[PDB]
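Q: My structure is stored as run-v3.cif, with mmCIF, C-alpha atoms and all ligand atoms.
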data_run
#
loop_
_atom_site.label_atom_id
_atom_site.label_comp_id
_atom_site.auth_asym_id
_atom_site.auth_seq_id
_atom_site.Cartn_x
_atom_site.Cartn_y
_atom_site.Cartn_z
CA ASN O 1 -94.17 16.54 124.21
CA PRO O 2 -93.09 13.08 125.41
CA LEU O 3 -96.47 12.66 127.14
CA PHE O 4 -97.93 11.97 123.67
CA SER O 5 -95.38 9.45 122.43
CA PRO O 6 -97.00 6.00 122.10
CA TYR O 7 -96.25 3.33 124.68
CA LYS O 8 -96.54 -0.47 124.65
CA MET O 9 -98.25 -1.45 127.92
CA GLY O 10 -97.97 -5.16 127.24
CA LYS O 11 -100.60 -6.15 124.70
CA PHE O 12 -102.19 -2.70 125.02
CA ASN O 13 -100.96 -0.14 122.51
CA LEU O 14 -101.39 3.26 124.16
CA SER O 15 -101.40 6.43 122.07
CA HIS O 16 -100.50 8.77 124.96
CA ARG O 17 -99.23 8.57 128.53
CA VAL O 18 -101.94 10.55 130.38
CA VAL O 19 -103.75 8.08 132.65
CA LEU O 20 -106.99 8.55 134.57
CA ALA O 21 -106.14 7.80 138.19
CA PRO O 22 -108.68 5.76 140.19
CA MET O 23 -111.03 8.08 142.07
CA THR O 24 -113.89 7.13 144.38
CA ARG O 25 -116.80 9.40 143.48
CA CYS O 26 -119.69 7.65 145.30
CA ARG O 27 -122.14 7.82 142.38
CA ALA O 28 -122.74 4.05 142.13
CA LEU O 29 -125.94 4.03 144.18
CA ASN O 30 -126.34 0.94 146.39
CA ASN O 31 -123.03 -0.43 145.05
CA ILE O 32 -124.59 -0.80 141.58
CA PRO O 33 -122.76 0.90 138.67
CA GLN O 34 -125.06 3.57 137.26
CA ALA O 35 -125.50 5.11 133.82
CA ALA O 36 -123.90 8.29 135.17
CA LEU O 37 -120.68 6.30 135.56
CA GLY O 38 -120.78 5.47 131.85
CA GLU O 39 -121.14 9.14 130.93
CA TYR O 40 -118.44 10.14 133.43
CA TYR O 41 -115.87 7.72 132.01
CA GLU O 42 -116.91 8.41 128.41
CA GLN O 43 -116.22 12.14 128.79
CA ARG O 44 -112.65 11.33 129.86
CA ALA O 45 -111.93 8.43 127.50
CA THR O 46 -109.68 9.00 124.49
CA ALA O 47 -108.48 6.93 121.55
CA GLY O 48 -105.56 4.94 122.93
CA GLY O 49 -105.95 6.44 126.40
CA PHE O 50 -105.78 4.41 129.59
CA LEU O 51 -108.41 4.70 132.33
CA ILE O 52 -108.53 3.15 135.80
CA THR O 53 -111.95 3.00 137.43
CA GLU O 54 -112.71 3.97 141.01
CA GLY O 55 -112.05 1.47 143.77
CA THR O 56 -114.50 -1.41 143.36
CA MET O 57 -115.80 -3.71 146.09
CA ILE O 58 -114.60 -7.32 146.02
CA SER O 59 -116.95 -8.53 148.78
CA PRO O 60 -119.86 -7.23 150.90
CA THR O 61 -117.35 -6.51 153.71
CA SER O 62 -114.87 -4.47 151.64
CA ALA O 63 -116.63 -1.08 151.55
CA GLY O 64 -115.72 1.94 153.66
CA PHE O 65 -117.33 4.65 151.51
CA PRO O 66 -120.97 5.18 150.52
CA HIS O 67 -122.25 4.02 147.13
CA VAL O 68 -118.98 2.55 145.85
CA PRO O 69 -119.47 0.12 142.94
CA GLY O 70 -119.04 -3.60 143.40
CA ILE O 71 -118.11 -6.45 141.07
CA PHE O 72 -118.89 -9.44 143.29
CA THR O 73 -122.48 -9.94 142.05
CA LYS O 74 -123.84 -10.63 138.58
CA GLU O 75 -126.01 -7.51 138.41
CA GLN O 76 -122.86 -5.47 139.07
CA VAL O 77 -121.11 -7.31 136.23
CA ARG O 78 -124.09 -6.71 133.95
CA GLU O 79 -124.15 -2.99 134.77
CA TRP O 80 -120.35 -2.73 134.50
CA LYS O 81 -120.47 -4.20 130.99
CA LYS O 82 -122.57 -1.34 129.63
CA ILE O 83 -120.02 1.16 130.96
CA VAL O 84 -117.07 -0.82 129.58
CA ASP O 85 -118.73 -1.06 126.15
CA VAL O 86 -119.21 2.71 126.08
CA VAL O 87 -115.60 3.35 127.13
CA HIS O 88 -114.35 0.79 124.59
CA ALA O 89 -116.43 2.50 121.89
CA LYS O 90 -114.15 5.54 122.24
CA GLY O 91 -111.03 3.38 121.85
CA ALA O 92 -109.76 3.57 125.43
CA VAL O 93 -108.26 0.87 127.64
CA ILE O 94 -109.98 0.52 131.02
CA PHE O 95 -108.86 -1.31 134.17
CA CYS O 96 -111.05 -2.00 137.20
CA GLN O 97 -109.40 -1.28 140.55
CA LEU O 98 -110.21 -3.96 143.13
CA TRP O 99 -110.57 -2.28 146.51
CA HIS O 100 -110.83 -3.59 150.07
CA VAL O 101 -110.77 -0.94 152.79
CA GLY O 102 -109.93 -3.21 155.71
CA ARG O 103 -110.18 -1.40 159.03
CA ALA O 104 -111.12 1.84 157.21
CA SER O 105 -114.85 1.16 157.49
CA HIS O 106 -117.77 1.52 159.94
CA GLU O 107 -120.72 -0.59 161.18
CA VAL O 108 -123.05 1.30 158.75
CA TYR O 109 -121.04 -0.12 155.82
CA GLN O 110 -120.75 -3.69 157.09
CA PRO O 111 -123.29 -6.52 156.79
CA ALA O 112 -125.30 -6.87 160.02
CA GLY O 113 -123.29 -3.98 161.48
CA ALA O 114 -120.31 -6.26 162.08
CA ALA O 115 -116.81 -4.99 162.75
CA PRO O 116 -114.41 -4.38 159.85
CA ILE O 117 -111.56 -6.80 159.25
CA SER O 118 -107.84 -6.07 159.32
CA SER O 119 -104.46 -7.61 160.06
CA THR O 120 -104.73 -6.22 163.60
CA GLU O 121 -107.18 -5.07 166.24
CA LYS O 122 -105.71 -1.56 166.24
CA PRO O 123 -108.27 1.01 165.07
CA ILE O 124 -107.54 4.16 163.12
CA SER O 125 -106.87 6.90 165.66
CA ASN O 126 -109.42 9.64 166.40
CA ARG O 127 -107.54 12.03 164.09
CA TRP O 128 -108.97 10.40 160.97
CA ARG O 129 -112.76 10.41 160.60
CA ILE O 130 -114.80 8.33 158.17
CA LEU O 131 -117.37 9.90 155.86
CA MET O 132 -120.90 8.87 156.90
CA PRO O 133 -123.69 8.10 154.41
CA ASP O 134 -125.64 11.14 155.66
CA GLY O 135 -122.71 13.48 154.95
CA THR O 136 -121.43 13.67 158.53
CA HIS O 137 -118.19 12.15 159.85
CA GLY O 138 -117.98 9.16 162.18
CA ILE O 139 -115.42 7.35 164.31
CA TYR O 140 -113.37 4.45 162.97
CA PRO O 141 -114.23 1.39 165.11
CA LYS O 142 -112.00 -1.38 166.44
CA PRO O 143 -111.44 -3.91 163.63
CA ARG O 144 -111.33 -7.70 163.92
CA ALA O 145 -107.94 -9.31 163.33
CA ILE O 146 -108.41 -12.17 160.87
CA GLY O 147 -106.71 -15.55 160.92
CA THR O 148 -104.85 -17.04 158.00
CA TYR O 149 -107.90 -18.99 156.82
CA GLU O 150 -109.90 -15.77 156.44
CA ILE O 151 -106.86 -14.31 154.68
CA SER O 152 -107.07 -17.02 152.01
CA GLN O 153 -110.80 -16.31 151.74
CA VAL O 154 -110.15 -12.62 151.04
CA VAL O 155 -107.56 -13.69 148.46
CA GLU O 156 -110.27 -15.79 146.79
CA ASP O 157 -112.51 -12.70 146.79
CA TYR O 158 -109.82 -10.89 144.78
CA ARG O 159 -109.56 -13.84 142.38
CA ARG O 160 -113.32 -14.07 141.80
CA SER O 161 -113.64 -10.30 141.36
CA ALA O 162 -110.77 -10.31 138.85
CA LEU O 163 -112.58 -12.93 136.76
CA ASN O 164 -115.83 -10.97 137.09
CA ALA O 165 -114.16 -7.86 135.69
CA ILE O 166 -112.96 -9.87 132.69
CA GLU O 167 -116.54 -11.13 132.34
CA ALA O 168 -117.70 -7.49 132.29
CA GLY O 169 -115.26 -6.78 129.44
CA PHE O 170 -112.53 -5.00 131.41
CA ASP O 171 -109.12 -5.09 129.77
CA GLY O 172 -107.61 -5.80 133.17
CA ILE O 173 -107.65 -5.11 136.89
CA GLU O 174 -105.58 -3.09 139.35
CA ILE O 175 -104.84 -4.26 142.89
CA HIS O 176 -105.36 -1.41 145.36
CA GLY O 177 -102.62 -1.90 147.93
CA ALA O 178 -102.16 1.74 148.89
CA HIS O 179 -103.50 4.56 151.06
CA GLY O 180 -103.72 2.56 154.28
CA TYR O 181 -106.41 0.06 153.27
CA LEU O 182 -106.47 -3.72 153.74
CA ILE O 183 -103.29 -4.60 151.84
CA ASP O 184 -101.46 -1.56 153.25
CA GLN O 185 -102.60 -2.71 156.70
CA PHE O 186 -100.51 -5.86 156.16
CA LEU O 187 -97.57 -3.99 154.60
CA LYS O 188 -96.87 -1.15 157.05
CA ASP O 189 -95.15 -2.17 160.28
CA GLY O 190 -96.90 0.74 161.99
CA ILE O 191 -100.12 -1.30 161.68
CA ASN O 192 -99.04 -4.94 161.27
CA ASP O 193 -98.34 -6.22 164.80
CA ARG O 194 -98.97 -9.85 163.84
CA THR O 195 -96.83 -12.59 165.37
CA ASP O 196 -97.69 -15.27 162.79
CA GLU O 197 -96.32 -15.80 159.27
CA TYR O 198 -98.04 -12.61 158.02
CA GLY O 199 -96.26 -10.15 160.33
CA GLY O 200 -92.82 -9.17 161.51
CA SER O 201 -90.18 -9.34 158.79
CA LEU O 202 -90.51 -7.63 155.42
CA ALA O 203 -91.16 -11.03 153.83
CA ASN O 204 -94.04 -11.82 156.20
CA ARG O 205 -95.61 -8.38 155.77
CA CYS O 206 -95.34 -8.81 151.98
CA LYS O 207 -97.04 -12.23 152.07
CA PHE O 208 -100.59 -10.89 151.72
CA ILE O 209 -100.01 -8.63 148.71
CA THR O 210 -97.92 -11.38 147.11
CA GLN O 211 -100.64 -14.02 147.51
CA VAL O 212 -103.20 -11.53 146.19
CA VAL O 213 -101.16 -10.82 143.05
CA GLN O 214 -100.38 -14.46 142.22
CA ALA O 215 -104.05 -15.41 142.66
CA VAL O 216 -105.32 -12.84 140.16
CA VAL O 217 -102.31 -13.37 137.87
CA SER O 218 -102.97 -17.11 137.63
CA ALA O 219 -106.68 -16.37 137.04
CA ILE O 220 -106.65 -13.72 134.29
CA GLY O 221 -103.00 -13.39 133.23
CA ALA O 222 -100.08 -11.23 134.30
CA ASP O 223 -100.39 -8.74 131.42
CA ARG O 224 -103.87 -7.73 132.70
CA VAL O 225 -102.83 -7.16 136.34
CA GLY O 226 -101.69 -3.81 137.68
CA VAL O 227 -100.49 -3.16 141.24
CA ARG O 228 -100.75 0.12 143.16
CA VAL O 229 -98.83 0.86 146.37
CA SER O 230 -97.93 3.92 148.46
CA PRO O 231 -95.15 3.05 150.92
CA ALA O 232 -94.40 6.72 151.70
CA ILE O 233 -98.00 7.90 152.25
CA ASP O 234 -99.21 7.78 155.87
CA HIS O 235 -102.93 7.97 155.10
CA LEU O 236 -105.10 6.60 157.94
CA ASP O 237 -102.17 6.02 160.31
CA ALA O 238 -100.39 3.79 157.78
CA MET O 239 -96.73 4.57 158.42
CA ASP O 240 -93.66 2.38 157.96
CA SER O 241 -90.31 2.79 159.68
CA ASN O 242 -88.49 2.37 156.34
CA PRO O 243 -90.75 3.16 153.36
CA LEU O 244 -87.97 2.71 150.80
CA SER O 245 -87.08 -0.73 152.17
CA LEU O 246 -90.77 -1.67 152.17
CA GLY O 247 -91.26 -0.48 148.60
CA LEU O 248 -88.13 -2.28 147.41
CA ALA O 249 -89.38 -5.42 149.17
CA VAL O 250 -92.69 -5.26 147.29
CA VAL O 251 -90.89 -4.60 144.00
CA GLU O 252 -88.75 -7.68 144.67
CA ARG O 253 -91.82 -9.90 145.08
CA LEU O 254 -93.45 -8.45 141.96
CA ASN O 255 -90.30 -9.22 139.97
CA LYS O 256 -90.29 -12.79 141.32
CA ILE O 257 -93.95 -13.25 140.35
CA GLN O 258 -93.21 -12.13 136.78
CA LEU O 259 -90.39 -14.70 136.63
CA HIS O 260 -92.47 -17.66 137.83
CA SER O 261 -95.40 -16.66 135.60
CA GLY O 262 -93.25 -16.21 132.49
CA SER O 263 -94.94 -12.87 131.79
CA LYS O 264 -94.69 -9.28 133.00
CA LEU O 265 -97.40 -7.49 134.94
CA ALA O 266 -99.40 -4.72 133.30
CA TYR O 267 -97.69 -2.01 135.36
CA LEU O 268 -96.60 -0.90 138.81
CA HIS O 269 -98.50 2.11 140.17
CA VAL O 270 -97.03 4.24 142.96
CA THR O 271 -98.48 7.39 144.53
CA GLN O 272 -96.13 9.83 146.24
CA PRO O 273 -96.79 12.56 148.82
CA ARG O 274 -96.02 16.20 148.18
CA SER O 275 -88.14 17.07 150.52
CA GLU O 276 -88.98 17.01 146.81
CA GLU O 277 -85.62 15.55 145.76
CA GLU O 278 -85.80 12.81 148.40
CA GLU O 279 -89.33 11.91 147.32
CA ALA O 280 -88.21 11.94 143.68
CA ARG O 281 -85.20 9.72 144.45
CA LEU O 282 -87.55 7.36 146.29
CA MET O 283 -89.81 7.15 143.23
CA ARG O 284 -86.80 6.76 140.93
CA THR O 285 -85.39 3.92 143.05
CA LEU O 286 -88.68 2.00 142.92
CA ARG O 287 -88.91 2.55 139.16
CA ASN O 288 -85.31 1.44 138.58
CA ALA O 289 -85.80 -1.70 140.67
CA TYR O 290 -89.02 -2.86 138.97
CA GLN O 291 -88.66 -4.69 135.65
CA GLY O 292 -91.69 -3.36 133.82
CA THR O 293 -94.00 -0.42 133.26
CA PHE O 294 -94.07 2.28 135.96
CA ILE O 295 -96.92 4.72 136.59
CA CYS O 296 -96.24 7.71 138.84
CA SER O 297 -98.95 9.61 140.69
CA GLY O 298 -99.42 12.25 143.35
CA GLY O 299 -99.49 15.99 142.73
CA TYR O 300 -98.42 15.72 139.09
CA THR O 301 -99.01 18.59 136.66
CA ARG O 302 -98.44 19.03 132.93
CA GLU O 303 -94.90 20.31 133.51
CA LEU O 304 -94.11 17.64 136.12
CA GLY O 305 -95.57 14.87 133.95
CA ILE O 306 -93.54 15.86 130.89
CA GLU O 307 -90.29 15.80 132.87
CA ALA O 308 -91.16 12.44 134.44
CA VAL O 309 -91.40 10.83 131.00
CA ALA O 310 -88.57 12.86 129.46
CA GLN O 311 -86.09 11.92 132.21
CA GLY O 312 -87.18 8.27 132.27
CA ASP O 313 -88.62 8.57 135.77
CA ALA O 314 -91.87 6.91 134.65
CA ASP O 315 -93.55 5.39 131.61
CA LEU O 316 -97.07 6.69 132.31
CA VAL O 317 -98.45 9.54 134.42
CA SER O 318 -101.85 9.36 136.13
CA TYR O 319 -103.80 12.47 137.12
CA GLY O 320 -106.47 12.68 139.80
CA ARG O 321 -108.14 15.91 140.90
CA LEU O 322 -107.35 17.61 137.58
CA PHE O 323 -109.20 14.83 135.73
CA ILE O 324 -112.24 15.37 137.97
CA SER O 325 -112.80 18.93 136.73
CA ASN O 326 -111.31 18.54 133.22
CA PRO O 327 -113.02 15.79 131.21
CA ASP O 328 -110.79 16.65 128.22
CA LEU O 329 -107.64 16.76 130.35
CA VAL O 330 -105.70 14.80 127.73
CA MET O 331 -106.58 17.44 125.13
CA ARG O 332 -105.80 20.31 127.50
CA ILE O 333 -102.36 18.87 128.27
CA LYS O 334 -101.68 18.52 124.54
CA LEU O 335 -102.60 22.14 123.77
CA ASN O 336 -101.33 23.52 127.12
CA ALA O 337 -104.83 24.94 127.59
CA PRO O 338 -105.97 26.42 130.92
CA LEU O 339 -107.40 23.93 133.40
CA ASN O 340 -110.69 24.03 135.29
CA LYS O 341 -110.85 24.20 139.07
CA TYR O 342 -112.34 21.30 141.01
CA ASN O 343 -114.85 21.54 143.87
CA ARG O 344 -113.92 19.30 146.80
CA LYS O 345 -117.48 19.58 148.15
CA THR O 346 -118.87 17.41 145.33
CA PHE O 347 -116.10 14.80 145.40
CA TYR O 348 -118.16 12.18 147.27
CA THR O 349 -121.73 13.41 146.71
CA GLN O 350 -124.39 11.28 145.02
CA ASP O 351 -125.77 13.54 142.28
CA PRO O 352 -125.34 11.90 138.85
CA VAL O 353 -124.62 15.29 137.22
CA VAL O 354 -123.71 17.98 139.75
CA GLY O 355 -119.97 17.85 140.40
CA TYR O 356 -119.72 14.70 138.28
CA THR O 357 -120.51 15.26 134.59
CA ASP O 358 -121.23 19.02 134.48
CA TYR O 359 -117.58 20.08 134.33
CA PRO O 360 -117.37 21.92 130.99
CA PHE O 361 -115.25 20.97 128.00
CA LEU O 362 -112.90 23.38 126.24
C1 LIG P 1 -112.02 12.17 145.38
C2 LIG P 1 -110.85 11.22 145.30
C3 LIG P 1 -111.06 9.87 145.26
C4 LIG P 1 -109.99 8.96 145.16
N1 LIG P 1 -110.27 7.63 145.10
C5 LIG P 1 -109.26 6.81 144.97
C6 LIG P 1 -109.50 5.43 144.88
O1 LIG P 1 -110.63 4.96 144.90
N2 LIG P 1 -108.42 4.59 144.77
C7 LIG P 1 -107.16 5.06 144.74
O2 LIG P 1 -106.26 4.23 144.64
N3 LIG P 1 -106.87 6.37 144.82
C8 LIG P 1 -107.87 7.21 144.93
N4 LIG P 1 -107.63 8.56 145.04
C9 LIG P 1 -106.25 9.06 144.95
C10 LIG P 1 -106.00 9.58 143.55
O3 LIG P 1 -105.52 8.51 142.74
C11 LIG P 1 -105.04 10.77 143.56
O4 LIG P 1 -105.72 11.93 143.14
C12 LIG P 1 -103.83 10.51 142.66
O5 LIG P 1 -103.10 9.42 143.23
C13 LIG P 1 -102.93 11.72 142.49
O6 LIG P 1 -103.49 12.94 143.02
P1 LIG P 1 -103.61 14.23 142.07
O7 LIG P 1 -103.34 13.78 140.66
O8 LIG P 1 -105.00 14.73 142.25
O9 LIG P 1 -102.58 15.20 142.58
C14 LIG P 1 -108.68 9.47 145.13
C15 LIG P 1 -108.48 10.85 145.21
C16 LIG P 1 -109.53 11.72 145.27
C17 LIG P 1 -109.28 13.21 145.33
#
What does this structure look like when you write it as structure tokens?
A:
Amino acid sequence: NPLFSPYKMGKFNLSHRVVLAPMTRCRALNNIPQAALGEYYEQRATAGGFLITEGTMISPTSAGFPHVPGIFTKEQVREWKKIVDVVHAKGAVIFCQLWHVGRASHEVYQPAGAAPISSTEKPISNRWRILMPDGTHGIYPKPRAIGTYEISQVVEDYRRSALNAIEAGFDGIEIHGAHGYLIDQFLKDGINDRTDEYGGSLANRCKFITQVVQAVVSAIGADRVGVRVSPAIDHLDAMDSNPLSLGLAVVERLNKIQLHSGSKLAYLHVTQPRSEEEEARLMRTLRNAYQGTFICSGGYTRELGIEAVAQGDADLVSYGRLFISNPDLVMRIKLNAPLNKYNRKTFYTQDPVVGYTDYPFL
């Protein structure tokens, strides 16, 4: 089983290649990491295993889900440290995913009920609905297109949150530039209608994610910075006319950043939608073009993950919904043991146990 051959993820010696994909669970009440988060991540941590936390707020204006943890205040850092210490006690490497939703928010989630920010004024169409704090579904409002000065301020929010995660003991951070959120709102030409230096060409649409990466790389180091993108996923009306060209453009900037910094990034993380061969060739092209560690994600199983590593399609494989319902998913993949079903009803609920930590072990 190649999924259990060790891998050198920079200065992090990993014992296996099963990664916990970042998953918003909405158990961090009032954006404060709770003790239930420590138990949730401890159940899934393994010796030498790699975990990526749920999307974490970088600023009071970055949330678009209820009870998502933050890392922009000191109480959040203090509460995050207790969870990191528990995860590190099991011998696992843990990265904190920095998350800004952009236009994928609502007045209820914004300070003073203000409008969400984005690269544009286009709202998410009435097809997609946002989960409300009371369990209902609301309407995505019209966002506020930000100028370049506010862009540099959001970049600073990433840089401060990256340092805060290191203060909390995190081994590194992951930039969430996928799934149609703030960074993806600057990347996809189906959203980015800007006429300034941040819109138009591939280079201008890549300027935001580039500036975000260099800021956190120069703050904490390249080997502790992961990047996640999804050029072929049209979540929240985030479509591009040429996803492969967009992905190759991002890979080109990431390679240039590693050259100027004299060090390689932690990894490149790409999620794919579920033609299978065309989607596989897209993932293979991005992997071949990026000089560094590649993590594949999106509908991966035990059989599909083994072949991804065996054929050289990826260095690490991250699992999502299967890790929700299988706390010992790494052990189940090793033994080829049957997997537990997950309940989509308790994906975003607030109970610290029900649908969170009560999924049974083997
Ligand atoms: C409940 C839930 C929450 C998620 N939250 C996040 C998130 O916060 N950030 C992110 O980048 N991806 C998030 N995702 C996407 C997962 O990473 C996704 O499950 C993974 O990319 C591959 O899906 P699979 O392994 O379940 O097939 C989430 C997915 C689910 C189902």
Q: Produce a table with one row for each residue of chain O that has an atom at most 6 Å from any atom of ligand LIG 1 (chain P), each row naming the nearest atom pair and its distance in Å at one decimal; use only C-alpha atoms and all ligand atoms; arrange rows by chain and rising residue number; format as CSV.
A:
residue,atom,partner,partner_atom,distance
O:21,CA,P:LIG1,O3,4.6
O:22,CA,P:LIG1,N2,4.7
O:23,CA,P:LIG1,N1,3.2
O:24,CA,P:LIG1,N1,3.7
O:25,CA,P:LIG1,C1,5.8
O:54,CA,P:LIG1,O1,4.5
O:55,CA,P:LIG1,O1,3.9
O:176,CA,P:LIG1,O2,5.8
O:271,CA,P:LIG1,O5,5.2
O:297,CA,P:LIG1,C13,4.9
O:298,CA,P:LIG1,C13,3.7
O:299,CA,P:LIG1,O9,3.2
O:300,CA,P:LIG1,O9,5.5
O:319,CA,P:LIG1,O7,3.8
O:320,CA,P:LIG1,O7,3.4
O:321,CA,P:LIG1,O8,3.6
O:322,CA,P:LIG1,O8,6.0
O:347,CA,P:LIG1,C1,4.9
Q: Which neighbours of stretch 206-218 of chain O fall inside 9 Å, counting all atoms listed in the file, when residues of the same chain fewer than 3 positions from it are skipped, and could you give them as a PyMOL selection string?
A: chain O and resi 151-152+154-156+158-163+173+175+177+183-184+186-187+197-199+201-203+221-227+246+249-250+253-254+257+261+265
Q: In terms of the shortest atom-to-atom distance over all atoms listed in the file, which of O:291, O:185, O:195, O:318 is closest to residue O:240?
A: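 Residue with the minimum atom-to-atom distance to residue O:240: O:185.
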Q: What is the distance between atom CA of residue O:112 and atom CA of residue O:148, in Å to one decimal?
A: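 Computing it gives 22.9 Å between the two atoms.
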Q: Between O:135, O:7, O:73, O:269, which is the closest to residue O:97 once you count all atoms listed in the file?
A: O:269
Q: Nearest residue to residue O:128 out of O:77, O:104, O:330, O:283, using all atoms listed in the file?
A: O:104
Q: Smallest atom-to-atom distance to residue O:3: which of O:325, O:120, O:311, O:61, using all atoms listed in the file?
A: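 For residue O:3, the nearest of the candidates is O:311.
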Q: Please indicate the distance in Å from atom CA of residue O:327 to atom CA of residue O:86, rounded to one decimal place.
A: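 Spanning atom CA of residue O:327 to atom CA of residue O:86 is a straight-line distance of 15.4 Å.
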Q: What are the centre and edge lengths in Å, to one decimal, of the axis-aligned box around all listed atoms of stretch 164-174 of chain O with 6 Å added on each side, as JSON?
A:
{"center_x": -111.6, "center_y": -7.1, "center_z": 134.4, "size_x": 24.1, "size_y": 20.0, "size_z": 21.9}
Q: Using atom CA of residue O:205 and atom CA of residue O:157 as the two end points, give the distance in Å to one decimal.
A: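 Straight-line distance from atom CA of residue O:205 to atom CA of residue O:157 works out to 19.6 Å.
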Q: Might you pull out every residue within 12 Å of residue O:360, with only C-alpha atoms counted and same-chain residues fewer than 6 positions away left off, and present them as a count of residues only?
A: 15
Q: Tell me which protein, DNA and RNA residues are within 7 Å of residue O:92, counting only C-alpha atoms, leaving out same-chain ones fewer than 4 positions away, and put them as a list in words.
A: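 Result of the neighbour search: residues 45, 46, 47, 48, 49, 50, 87 and 88 of chain O.
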Q: Near stretch 303-307 of chain O, counting all atoms listed in the file, which residues have an atom at most 10 Å away, once you skip same-chain residues fewer than 2 positions from it, shown as a list in words?
A: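 Residues near the query, excluding close chain neighbours: residues 1, 2, 3, 4, 17, 18, 296, 297, 299, 300, 301, 309, 310, 311, 312, 313, 314, 315, 316, 317, 318, 319, 333 and 336 of chain O.
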Q: Any chance you could export the current selection's C-alpha atoms as an mmCIF file, keeping the file's coordinate frame?
A:
data_model
loop_
_atom_site.group_PDB
_atom_site.id
_atom_site.type_symbol
_atom_site.label_atom_id
_atom_site.label_comp_id
_atom_site.auth_asym_id
_atom_site.auth_seq_id
_atom_site.Cartn_x
_atom_site.Cartn_y
_atom_site.Cartn_z
ATOM 1 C CA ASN O 1 -94.170 16.540 124.210
ATOM 2 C CA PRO O 2 -93.090 13.080 125.410
ATOM 3 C CA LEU O 3 -96.470 12.660 127.140
ATOM 4 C CA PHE O 4 -97.930 11.970 123.670
ATOM 5 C CA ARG O 17 -99.230 8.570 128.530
ATOM 6 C CA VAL O 18 -101.940 10.550 130.380
ATOM 7 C CA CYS O 296 -96.240 7.710 138.840
ATOM 8 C CA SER O 297 -98.950 9.610 140.690
ATOM 9 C CA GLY O 299 -99.490 15.990 142.730
ATOM 10 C CA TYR O 300 -98.420 15.720 139.090
ATOM 11 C CA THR O 301 -99.010 18.590 136.660
ATOM 12 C CA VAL O 309 -91.400 10.830 131.000
ATOM 13 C CA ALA O 310 -88.570 12.860 129.460
ATOM 14 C CA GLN O 311 -86.090 11.920 132.210
ATOM 15 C CA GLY O 312 -87.180 8.270 132.270
ATOM 16 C CA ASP O 313 -88.620 8.570 135.770
ATOM 17 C CA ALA O 314 -91.870 6.910 134.650
ATOM 18 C CA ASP O 315 -93.550 5.390 131.610
ATOM 19 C CA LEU O 316 -97.070 6.690 132.310
ATOM 20 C CA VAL O 317 -98.450 9.540 134.420
ATOM 21 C CA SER O 318 -101.850 9.360 136.130
ATOM 22 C CA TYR O 319 -103.800 12.470 137.120
ATOM 23 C CA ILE O 333 -102.360 18.870 128.270
ATOM 24 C CA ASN O 336 -101.330 23.520 127.120
#
Q: List every protein, DNA or RNA residue with an atom no more than 7 Å from (-92.2, 2.7, 152.6) in the file's coordinates, counting only C-alpha atoms, and format the result as a PyMOL selection string.
A: chain O and resi 231-232+240+242-247
Q: Choose the residue, out of O:171, O:193, O:150, O:39, that has the smallest atom-to-atom separation from residue O:12; count all atoms listed in the file.
A: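 Looking only at the distances to residue O:12, the closest residue turns out to be O:171.
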Q: Given all atoms listed in the file as the basis, pick out the residue of O:236, O:71, O:64, O:137 nearest to residue O:111.
A: O:64
